Amino acid sequence: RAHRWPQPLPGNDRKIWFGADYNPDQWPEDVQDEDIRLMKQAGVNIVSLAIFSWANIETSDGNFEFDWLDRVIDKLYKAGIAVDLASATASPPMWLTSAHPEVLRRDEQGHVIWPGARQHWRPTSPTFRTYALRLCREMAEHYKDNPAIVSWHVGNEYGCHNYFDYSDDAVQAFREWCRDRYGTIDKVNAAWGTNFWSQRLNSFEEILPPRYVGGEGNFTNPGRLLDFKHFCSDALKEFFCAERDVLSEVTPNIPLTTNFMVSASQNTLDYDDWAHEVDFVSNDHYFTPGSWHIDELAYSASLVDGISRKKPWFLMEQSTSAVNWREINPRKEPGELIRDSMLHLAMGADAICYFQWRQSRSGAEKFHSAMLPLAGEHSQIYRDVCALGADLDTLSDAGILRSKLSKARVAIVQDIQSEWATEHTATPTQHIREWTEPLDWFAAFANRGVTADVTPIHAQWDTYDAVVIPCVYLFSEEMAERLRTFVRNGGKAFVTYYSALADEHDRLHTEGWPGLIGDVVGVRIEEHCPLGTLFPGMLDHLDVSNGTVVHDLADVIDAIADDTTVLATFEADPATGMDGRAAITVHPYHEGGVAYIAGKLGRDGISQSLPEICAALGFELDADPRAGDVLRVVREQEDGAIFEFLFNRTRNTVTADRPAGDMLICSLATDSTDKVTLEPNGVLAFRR
Amino acid sequence: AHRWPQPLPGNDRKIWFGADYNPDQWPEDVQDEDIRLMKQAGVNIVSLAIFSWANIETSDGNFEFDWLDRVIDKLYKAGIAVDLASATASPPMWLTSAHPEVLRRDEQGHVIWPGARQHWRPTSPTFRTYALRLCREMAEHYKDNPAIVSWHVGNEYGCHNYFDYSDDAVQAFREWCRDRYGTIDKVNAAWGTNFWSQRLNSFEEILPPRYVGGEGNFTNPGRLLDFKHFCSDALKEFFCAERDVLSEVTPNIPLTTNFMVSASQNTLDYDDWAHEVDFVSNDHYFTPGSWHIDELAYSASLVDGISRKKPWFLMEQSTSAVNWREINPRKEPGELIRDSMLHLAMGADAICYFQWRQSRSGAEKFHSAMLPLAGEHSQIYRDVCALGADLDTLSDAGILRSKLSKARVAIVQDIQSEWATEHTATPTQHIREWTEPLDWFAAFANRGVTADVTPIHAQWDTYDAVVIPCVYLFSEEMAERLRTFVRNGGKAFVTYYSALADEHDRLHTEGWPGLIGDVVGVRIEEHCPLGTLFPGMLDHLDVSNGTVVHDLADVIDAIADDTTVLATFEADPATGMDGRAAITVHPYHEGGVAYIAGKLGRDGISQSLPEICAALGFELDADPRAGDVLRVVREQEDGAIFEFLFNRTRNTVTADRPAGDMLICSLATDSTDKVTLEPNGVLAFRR
Ligand SMILES: OC[C@H]1O[C@@H](O)[C@H](O)[C@@H](O)[C@H]1O
Ligand SMILES: OC[C@H]1O[C@@H](O)[C@H](O)[C@@H](O)[C@H]1O
Ligand SMILES: [Zn+2]
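The structure reproduced in this document is the subject of the present report. (Residues numbered from 1 in each chain as written, not as in the entry; some residues may be left out. Chains lettered and ligands numbered in written order. Part of a larger assembly, values for the part shown. Heavy atoms only, no water. Residues with missing side-chain atoms left out of burial classes, pairs and counts.)

**Quick notes on helix α1 (residues 32-42) of chain A**
Residues and elements named next belong to chain A. Where α1 is concerned, the buried positions are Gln 32, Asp 35, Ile 36, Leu 38, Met 39 and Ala 42. Across the axial projection of α1, the buried residues extend over an arc of 165°, all falling on one side. Packing partners of the buried residues in α1 comprise β1 (17-22), β2 (46-49), α2 (67-78) and α11 (380-397). Immediately beyond the C-terminal end of α1, within one or two residues, lies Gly 43, with a positive phi of roughly 105°. (Buried < 20%, exposed > 50% of the residue type's maximum accessible area, 1.4 Å probe, protein only. Helix = DSSP H or I, 4+ residues; strand = E, 2+ residues; numbered from the N terminus. Arc of directions from axis to C-beta. Contact = heavy atoms within 4.5 Å.)

**Some points on the site of ligand 2**
Residue and element names in this part refer to chain B. Close contacts around ligand 2 come from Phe 51, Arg 117, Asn 155, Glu 156, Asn 258, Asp 283, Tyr 285, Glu 316, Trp 324, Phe 354, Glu 364 and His 367, and that covers them all. Measuring from an oxygen atom of ligand 2, one finds a side-chain N or O atom of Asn 155 at 2.7 Å. Interatomic distance of 3.0 Å between a side-chain N/O atom of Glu 316 and an oxygen atom of ligand 2. In the complex, 97% of the free accessible area of ligand 2, which totals 310 Å², lies under the protein chains. Residues of the shell around ligand 2, tallied by class, amount to four nonpolar, three polar and five charged. (Near = heavy atom within 4 Å. Polar contact = N/O pair within 3.5 Å; in protein donor to acceptor, adjacent residues only side chain to side chain. Areas by Shrake-Rupley, 256 points an atom, 1.4 Å probe, with all protein chains shown as cover. Nonpolar A, V, L, I, M, F, W, Y, C, P; charged D, E, K, R; others polar.)

**Re the environment of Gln 109 of chain A**
Relative to the elements of secondary structure, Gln 109 of chain A occurs in the loop between α3 (94-99) and α4 (126-143). Given the relative accessible area of 46%, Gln 109 of chain A is considered partly exposed.

**Here we look at the sheet that holds strand β11 (residues 349-354) of chain A**
All names here are of chain A. Strand order in the open sheet made by the nine strands is β7-β6-β5-β2-β1-β11-β10-β9-β8, with parallel pairing throughout. Of all strands in the sheet, those bounded by a partner on one side alone are β7 (256-257) and β8 (259-260). Pairing between β1 and β2: four bridges, direction parallel. Counterpart to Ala 20 in the pairing with β2 is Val 47. In the packing of α2 onto the sheet, the strands contacted are β1, β2, β5 (82-86) and β6 (149-153), and the crossing angle to β2 comes to about 170°. (Pairing = 2+ DSSP bridges. Axes fitted to C-alpha atoms, helices over the stretch in contact; angles between N-to-C directions.)

**Considerations on the environment of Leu 663 of chain B**
Residues and elements named next belong to chain B. Locating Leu 663 in the fold gives a position in strand β27 (residues 661-669). By relative accessible area, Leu 663 is classed as buried at 13%. Residues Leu 663 and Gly 214, spaced 449 residues apart in sequence, show a C-alpha to C-alpha distance of 57 Å. Those residues within four positions of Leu 663 in sequence are excluded, and the remaining contacts are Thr 393, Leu 394, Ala 397, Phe 642, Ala 684, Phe 685 and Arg 686.

**Re the side chain of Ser 166 of chain B**
Residues and elements named next belong to chain B. Within the secondary structure, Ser 166 is located in the loop between β6 (148-152) and α5 (167-181). For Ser 166, the side chain forms a polar contact with the side chain of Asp 164, separated by 2.9 Å. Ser 166 has contacts with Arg 105, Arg 121 and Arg 210, leaving out every residue within four places of it along the chain.

**Some details on unusual backbone geometry**
Geometrically, the link from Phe 355 of chain A to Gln 356 of chain A is a cis peptide bond, its omega value of -15° lying close to zero. Residue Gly 591 of chain B is joined to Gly 592 of chain B through a cis peptide bond whose omega torsion reads -25°. Position of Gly 592 of chain B among the secondary structure elements: in strand β22 (residues 591-596). The backbone of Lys 310 of chain A sits at a positive phi, close to 65°, despite the residue not being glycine. Relative to the elements of secondary structure, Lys 310 of chain A occurs in the loop between α9 (293-307) and β10 (313-317). Of note, the phi angle at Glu 156 of chain B is positive, near 30°, even though the residue is not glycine.

See the structure below:
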């Protein structure tokens, strides 16, 4: 679609948007003036409202009431505050689920999903779609050409709860999805391997979604499962498009977005694909507690930018402190509030918003942090939040808008479909999923002072000096060609275990692994060597000769090309048949460029190997560990203005080479004329 | 309205001592040996027919009493009283087969089938009909039979069937809400149903909290709280109906039902049920390991608490192993007698076991009894006979109707707060209310102080000191009670996770503790949960006095000017916790408030207690030995004092001898100077 960013309200300029989900309909209206006074003081200029306000709008069937929403929207507009307005179709009222219990989702075992939480609806319910499009229309009509509304928030995190439906509506939809994608039943049969275990289909009507097949010790069809995960994503996407189609039909000036859930571990929605149906990309992200906090946020924001194809994106949600939804919910430390928002910013967001504005007293999210805590305006959270708005106006005025995150030296390929494939319960080990490997390489590259671009698989990683292929389990013929070309012409590639095992339908490649691509990699593998502690005396690690250690899984490399060089070998009990086998290799292919990594090494084993491997490939690398102490993230204007952010990645005070330019921002950090000083959780930004 | 069961025609008053008794599982030719062996053991009551429904109403509407008459006659002739059940605990196969609509449904709509017990819907009109009929039939048939000294109505209501989601549950829960709230808006307002489009147009839209999709999903916290309240109230209404039918036909016979008070029990509101029984009776089974002693003393204290210090009846406990855990350990030598003495010392006037004769078959076949499968030549039967003897001695020494003395400190227990801390969207699933009171009780025991565990509506505000441990719900009134208690000179220990929400689970605003910050002197803007969920997570916080907080800590932002800080957190500065306040004490008029800003554990509390108490002005022996023996004291109106001493340790201990006559000793040695207890020993004196 074409890129349409939300624009300012009639009269004032373009700013970094800074706001929050806002839910006045959970408080007495008399609170709305205080809300707005405190927003202004904070630097807040947009809020998103009505996201789950369905049952306070269509108060009963066919009956729409807009007064309370009309009143508060008026107060916000008069205050200079924009409205990112929802469809309010995210979750239905009790009256509707009562009259039509047929809209309720069904899990793999046919359990009914009742109301009492949210999103208890079947994505492909014809009835739910009807009520829903009606509300979308009603809303669009009523706020047509109301000028406070600068954009639409259609629904809410589609599929967060209702990805997997197994109801009769879903059965019907998965059938037709399969007909539309495969054409003939023979082709479905051939993609799924249905001659195995007498699963062969006589017709499209015989096809079932992968409902319960009896638990542990039972193994559902993997190809059918892969496709079903694909269908689920597309079913929700289709629903979204029908809703957006209705909203811009009535108010075509207003750009539409929906809020994604990009994080290192998200493993449902195919968001690179969804991104093709939004005027701008916006994301919800919540910090991962502990050591992974920083690298995993950077990773996710980088990825978002990747899906955005380096266009500006909108951080719709993140948290000021604790979430509510983990089994343990830690608070943020001093500085992390500001520093996290800065990271999202540095990775290309032109907007920064939280869930939520005012902490709820009751309901299931009552313990989720907000900008204004229950403790009230005399709280450290609110003080930090005010500081943030202030820094975001500063950045706006220095002119950062619409600058793009710069092109890294190395692309790290992330691939959701591979993630799905690696999820089957009959793989060589359940201890290996695709999602962790890209994250480790990103963390490892941060350790050596190189900030990578996380890039989805259909993006242009083949225009980078180097790419990481980390457990890209599905390799199609085309994917194989793309990598072969990238390497022929001087590309340098890092390829790992669990890469290129199967075609795109989860049919394993023959003649040895990596499949399709073995000529380029220079390595041949006849089987895996999974490792663990399931049973007493099991082989549970493999030492590597460079002083690292592999866990969970290793490849058994049988032969290498004559021009393949071994950098590292496994060191083990000879009887294991792994002693002296190749663990890390590098192999020339024309002008490039391939290192193969035959096991899971983790952030730190990757990171400790990285120097010897980069040297072998001709990738310049700082070999000093200090090099990773600060993470440097850069945005570039076409006019040549450069915004460089520095972040302490460690738990001790650090000193960095000061960039040239003007200091725009500082949190837990000290500028000097020579060198720059950051405390833990501290951030700096300069314009050059 | 306290009615204790009385002796049979002719007998004197004795500590009751018996067991569940189930002759309907054996050939009648075994009964004379049962009774014989009972007499040798000192047994003077049995409870029978508790699950004998299918052997009484053998088929629909057919009631048969001959076997029960025969055995009750042998028992009567032998001098053994009968605590007779309604036998309505669990229905026959013919009933559930004819009427499968009585069957419970779990949150996912699963039928709960027969094959175990208590598979019934609490609010099944059909089942209620059958049960109340049987109740009547029993009552009719044993009207004015002098063998029957009491009624055992049903059995452990809600042990299995607390949570029903059937249509009967759906309907009753509506009506329960209609009645508790009046108008649908008061509901909407209690539950915060404007969040996530939950707002209700009517009562007919209210549903019980059935499955909303497992992990990653979060049901309405107020609706869940109230549903837990409802589940307890539904079973209670049912019990009252059963007892009403019984006491109407035989009004002279006192009625009870058996509770399951233990540290971690978390369903029935028992303090609330205690209002519908003629005497309070409890089932308790030991917690294996270290916690064996303190967790029994705590549970028994709490039952007395619920009884408002009136005598209570230990209906069930075990001689050795239970059957129902994943590992079922046996009791060690001495624990059988010592355990019964702990319950006695905490105010019980009856001591009975599950069960009399170990079963050869059925699901409880490996559950221990008084007469083991090994037979009469067993260590368990030998100890039982000794216990029987000890209890006759104590009856003769005049212990009956003595009350447990008023301790210096009350420890507040609150089932409704436990229900609240159970919701899956709290700061951490690692914190529940129940553990904390238990830690403080154990902690005082470590310092030679025996506390009274008290439910929230009991009179803790008449003690020198009260403990408020994870009392997450504070109503306005609760807040006023505490304020008054401290103003008028009471001293209070308050912890983290206290006073977060009103009674509807709605968070207090303006900072925590809510409502009560004027009295506590501390202001908290958010929590700092700790754990190991993810690598590098903050998983503990040292405290400056040498203890350690785990699981959860409060972030104390400000303290009142007259607040004194006793200990601070010590952390990595980047955490924003280093040097923060961890234990504080604060004057409020004539009391009296110490704040403990995290989970310390038994040992952390115990190690801090001296300093806290000194600052509060509560005398405390600073020596660790002080907790080597637990002293529990019962007092007669006439001035008689019964003092029991118990070894809490695993090595021999020596204590000051009480004055008076020595009544009982197990694994212990009276001397004229000082007393000697072995591991697991108990001693008793009258003074
Ligand atoms: O952390 C909680 C938040 O998670 C967001 O992704 C969701 O869209 C918000 O409504 C809120 O639920
Ligand atoms: O410990 C085993 C016992 O548990 C009791 O609570 C129950 O009422 C008895 O019948 C038996 O099941
Ligand atoms: Zn089920």
